[PDB]
Structure formats: C-alpha cells, structure tokens
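Turn this into a structure:
(chains A, B, C, D and E)
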Amino acid sequence: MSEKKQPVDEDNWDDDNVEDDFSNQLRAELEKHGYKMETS
Amino acid sequence: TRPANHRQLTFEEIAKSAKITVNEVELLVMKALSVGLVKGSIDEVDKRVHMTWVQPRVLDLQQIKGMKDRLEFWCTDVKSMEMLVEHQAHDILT
Amino acid sequence: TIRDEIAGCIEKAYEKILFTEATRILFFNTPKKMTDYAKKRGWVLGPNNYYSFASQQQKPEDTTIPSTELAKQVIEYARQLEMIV
Amino acid sequence: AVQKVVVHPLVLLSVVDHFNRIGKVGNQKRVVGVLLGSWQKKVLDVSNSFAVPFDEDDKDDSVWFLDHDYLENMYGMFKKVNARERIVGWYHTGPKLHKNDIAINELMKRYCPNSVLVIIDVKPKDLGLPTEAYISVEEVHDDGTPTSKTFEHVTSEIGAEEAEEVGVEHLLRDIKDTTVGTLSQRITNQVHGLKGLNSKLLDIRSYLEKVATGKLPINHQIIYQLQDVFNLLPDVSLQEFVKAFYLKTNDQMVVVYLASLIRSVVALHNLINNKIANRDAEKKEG
Amino acid sequence: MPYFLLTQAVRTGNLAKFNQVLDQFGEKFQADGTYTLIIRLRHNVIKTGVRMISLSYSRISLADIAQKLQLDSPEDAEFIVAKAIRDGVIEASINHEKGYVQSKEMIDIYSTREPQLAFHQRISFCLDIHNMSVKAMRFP
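Residues are numbered from 1 along each chain as shown, chains lettered A, B, ... in the order given. Let me share the structure:
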C-alpha cells in the first residue's frame, strides 16, 4: 500500500500434496521395490 | 384391538387364537386376503404375519371417548406447529 | 479429579471390561470407591466382569425428532430467500 | 356423472344484486332463482341466470312456490338472445339449505334431467372459497330403508373465458397481480395452513359435539368408517422416510449450487459495467 | 523452510518424526515465540494417526498398533481411544478381553445434516454479494 503494518517487518499443487507424501515416504521407489524380491 | 402400529403379527398368535395347525394358517389368512377385509402380506420365511390397512366395524362408547381424545390430539398438534411456520414468516409479509 | 475421569471416560463406549482389569486402575485392593461407582455409574454390575448395557447407550435414532428441526431450518432458510427477494 | 362446476363472477354478482333488489323491500328468507348453465363437457359451466320471486310461508314452513309462467317467458327471452344458454339448475343464497329444498329440485326436474343446485353467500366471511354445489342422487343404504334422497357435494371453482375476466380484474384496483414466483406462492403457503386449520378445527369441534348433542345417528354409519381411515396414517418414520431426508437435501444440493452459480454472474455484469460507467463517465464530465 | 519441514512432519502419523523437528528447528521458533503451539500440537498428531488407522482398518489389535505409532505400552493404547470416543473422533466399539478393537462404517445420515449447514453459509453469503452489489450499483 505500503501504509501501516507492513513496513514494520489445475494445478500441480493439489498433486504436489501427494508428492510431498511421496517425498517423506517409500522414496520413489525403484531399488527397494527390486530389493524386496530376493529377500524372500 | 392392538393400539399398534406395530401392526405386525406372529404365527404363534394366530396359532394360539385360532388353535389350528401352522400349515393351515396360510389358507386362513389368504381367504381374508381374497375377501378384502385386510391386505396384509405374509412372511413365510419366518412364518411372521405383517398386517396392513384394517377393517373397521361398529364402535363402542369407550371407543368414542378414545376416539375424540385421539382425534383432538391431532388438531392441537398441527395448529401448534402451523403457528410456528407462520411465526417466522410473519415479519416478512406485513 | 483424575479418578472420576476413569469412570467417565471408560464408557461410553466399551463393550465390557473384566473385573480385576478395572481393579488394576482403581489400585487399592477391594475399595469401596468401586462400590460407590456401582451406584454412581449404573450402568451394570456383573459377576467377575462388567457391562455397558443397555445399549452403548440409549440408542439414538433419532427418527422423527430431527425432522422437526429439519423443517425448522428450512423455514428461516426460505425467509432468507424472501429477504433478497 | 358430474365432476366439477365453474361459476363466473358475472352470474354470481347477478345473485348478489338481486339480493339488493329484495333487500330494501325485505324481509325474511333468502334469494331463490333458477340457474342458467352451459355444458360443453362433463365439466359444468355457468354464464348467466335469472331471478324468480319466491316466498316461503312459515305455517306451512315447508311450503314453497315458484312462478312457472314467468319462468317460461324469461327463459324464452334468454333462449332468444342466446341459443347456447340453457337452464342447468337453480340457486339460492342460503347461507344454509333447509330440509324443504329437496322437493324444489323435483319440480324443475321436468325442465332439466339433472338439476344442480348452487348455494351462494352474499356476505363474504368464512371459511374460504365461496358458494357450493350439490347434485341430487339416490344412494339407497345398506339398511334397506325406503330410498332417501340426499344431495352430494360437487367441487366448485370460479372462472371465466375472456371478456368476463376483463371487468372482474379491472374493478378491483386493490392487490398486486399476481405476482408469480415471489408473493404468489408464500401467501398461499400460509393460506394452506390457515385454511387447513380452521376447517379442521371447526369440524373437529363438531365431531366432539355430535356425540354429546345431535344424537341420533350420528355416528353411525358414515362417522366410524372415516374415523378408522383417519387412523390409517400416523404418519412418519420408521422407516424409509428417514431415507427421504438426504435425497430431499440432495435435491437442494444442485439448487443451492446453481443459486451461487448465477449469483456471481449477476454481481459480474452489474459491478463490472456499473463501475466502468461510473468512474469513466464521470472523468469526462469533470 | 524450517517451518515447512515442521508442517511436513506434522501431517504425518509418525510421532518421532515430529519430535525431531522441534529439536533441530526449535532455534527458529524461539524468535517467533511460537512454542505455544508446539506443546498442544502433539494431541493433534496422535489424533491424526488414530484417525488414519481408524478409517483404514476394519479391526485393529491394541497391542500391535503401539509399535507403528511408537506408543510403547499397552496401557495408553486404551487411553488414546478412550478420549477419541469422548471427543467423537471414532465411532468404533472396542472389546477388552485380550483385548481387541473393531470398527464399523456408518453413513446415510451424512448429506442430511452437513450440506444444509453449509448451505446456510452459502446462500447467506450469496445474498450478501447481492446486497453489496446493489449498494455500489445505486450510486449513479
């Protein structure tokens, strides 16, 4: 404005929530998905 | 006779009143279905009897008193709710 | 102020809880606090067990009770339609 | 037989104004005239009418007499000026018929095969749609009593064609018309509960009164049967009426959404075009 | 950035993931004075985990659920659910013998109550848009 308080101090986002779920969980993932095969 | 409804009956009730076998209660109730005094459908899986409609016959003095009490019971209720419907709609009419 | 909350928060809603199992939370040995709870709760006292009957409790339906306020809400809602008009 | 009747305001007025004729000369009783109807289908229609002098002695309280020659001449004039018009029955202003009115129909039944009598009300008071319509039939009875003639109710409605709507709507100059969509449905919404209540309340006071006084019959037969029919419906949930809840609301779902859909469009065109036509038109003036 | 990692670990059902962020990134929260939420947010993390597990599992064992949420003991497994029922978090009915926890899915009331409550805000807001448009429209 700049008056008063402030001088004192589809889209891809909806799916980017789920991507954030993929970031902290199960990586992507390829390698682990391929490593779980020979474990048992 | 039952205040009901709660109009569903049971095979044991007809088997006790009519003192007949369970296999004959079929033609029993179905005869009345053909006559038309009652339209109630019969549950033959649980042998239960489900009555519908009713056949009015005569009346009793006690039944007139119960009548006018149950009858006025309707007018007081519908008038009380109706006046609420016009209560909220009174200021927007004028 | 915690102990009365054991009684309040155990039910609703649990199907049943065994005798000595609740005795593990009330501590003591065979206190009269659980007898006073057999009064206050009521609720049920069963042999070597307990019960939330009946049933879980009061069984709200609520059938035709909410149809009154369901009509009532629409009354003033239609009034808001008439305020436009 | 006859299902419903249609009575125009013109002929109705023709009863009322004759009530002003005999009003100044008085005295007792009620206006009695012969109705002119028009029958184009099973639905009945009334256009005009003609009054007839009628007097009821009191001694003789069941004595009733009409003018037949005057009836002939006036109906002949109206048949002369209008070929389509004909007598469908008779009429009186009531307000309540008397037992003697059963034979009045039997007289003129030589003129018309089925003569429908129409009560009217000159002074509007209560309880709703005016007048009345009765048809003369014989239902016998299950008792085997000699045949009793009781008139049966026929639903009546006020209507018109073209020119008769003109004057009626023109002379009022009182209340808004109609107006459909806003004040036509809400006012009649309160009319539904109000006219339902007072009808039910006067008649339900009658039911409690009939057993104390008015016996016999009264009750029976017609009373108890319809009584049980009244006890046929409680009428609510359980059960499926519970399931009609969310689909009624779900019928409101799309309606609220369409509402909010166009509400933003109204604000669109209005605010956009007006703010432009406000500041951009004022800046050129000053 | 530190704050964003906070909410990232908050929406998750892992409790240890949440306790790590306060340790590493608390130094920034000191400056904002935002520690007032960090004590009361734990309640919301446990409620989130139990909500997930409630809808995502028909029948769950109270002893086996503690290992995933690092609940650590059998006794608090009853406590979280006790207050969950008390606050209306989960409608499941629980039997204590072993014990076990079973859950049921009830519906159909649903769109009766929830949409009409929203409509009360929707329509009132739309007519307010109408009033605010009429106000600025009548000035010329």
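
What is the neighbour count of residue C:47?
The number of residues packed near residue C:47 is 6, by other C-beta atoms under 10 Å in any protein chain shown. (Each C-beta comes from the backbone N, C-alpha and C, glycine too.)

what's the helix or strand for residue E:79?
helix E:75-86 (DSSP states H and E).

Show me which residues of that helix are buried.
Neighbour-count burial for helix E:75-86, counted by 16 or more other C-beta atoms under 10 Å in any protein chain shown, picks out E:77, E:78, E:80, E:81, E:82, E:84, E:85.

again, but for stretch E:33-53
Neighbour-count burial for stretch E:33-53 flags E:45, E:46, E:47, E:49, E:50, E:53 (criterion: 16+ other C-beta under 10 Å).

now those as a markdown table including distance to chain C and secondary structure?
Formatted as a markdown table, the buried residues of stretch E:33-53 follow (distance: C-beta to the nearest C-beta, whole Å; DSSP: H, G, I helix; E, B strand; the rest coil):
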| residue | distance to chain C | secondary structure |
| --- | --- | --- |
| E:45 | 20 | helix |
| E:46 | 16 | helix |
| E:47 | 15 | helix |
| E:49 | 19 | helix |
| E:50 | 15 | helix |
| E:53 | 18 | helix |
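
now, among those residues, which is nearest to residue E:16?
If you rank the buried residues of stretch E:33-53 by distance to residue E:16 using C-beta to C-beta, residue E:45 comes first, at 10.5 Å.

Can you tell me which residues in chain C are near chain D?
Contact residues, chain C versus chain D (C-beta under 8 Å from any C-beta of the partner chain): C:63, C:64, C:67, C:70, C:78, C:82, C:85.

List only buried entries from these.
Here, 16+ other C-beta under 10 Å leaves C:67, C:70, C:78 buried among the residues of chain C next to chain D.

if I look at residue A:10, how far off is residue A:16?
According to C-beta to C-beta, to the nearest Å, residue A:10 stands 11 Å off from residue A:16.

So those two - more neighbours on which side?
residue A:16 (12 against 5).

ok, and the more buried one, which helix or strand is that part of?
Judged by DSSP H and E, residue A:16 forms part of helix A:12-23.

Let's verify the closest residue to residue E:96 other than its chain neighbours: helix, strand, or coil?
Leaving out its chain neighbours, the residue that sits closest to residue E:96 by C-beta to C-beta, 6 or more residues apart in numbering or on different chains is residue C:17, at 4.7 Å. Here residue C:17 is recorded as coil under DSSP: H, G, I helix; E, B strand; the rest coil.

Can you report how many residues lie near residue C:17?
Neighbourhood size, residue C:17 [other C-beta under 10 Å]: 21.

ok, it - contacts?
The contact partners of residue C:17, taken as C-beta atoms under 8 Å, 6 or more residues apart in numbering or on different chains, are C:10, C:49, C:50, E:96.

Just the buried subset of the residues you listed, written out for ChimeraX, thanks.
Buried subset of the contacts of residue C:17, written as a ChimeraX selection, criterion 16+ other C-beta under 10 Å:
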select /C:10,50 /E:96
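
of all the contacts of residue C:17, which two lie farthest apart?
C:10 and C:49 (13.6 Å).

can you give me the strands in chain C?
Along chain C, no segments are classed as strands by DSSP state E.

Check it and tell me which residue is nearest its centre.
Nearest to the mean C-alpha position of chain C, counting by C-alpha atoms, centre = their mean, stands residue C:12 at 4.4 Å.

from what I can see that one touches residue C:56, true?
Yes - contact criterion C-beta atoms under 8 Å: residue C:12 and residue C:56 qualify, at 6.3 Å.

Would you mark the buried spots in stretch D:85-94?
So for stretch D:85-94, counting by 16+ other C-beta under 10 Å, buried means D:85, D:86, D:87, D:88, D:89, D:90, D:91, D:92, D:93, D:94.
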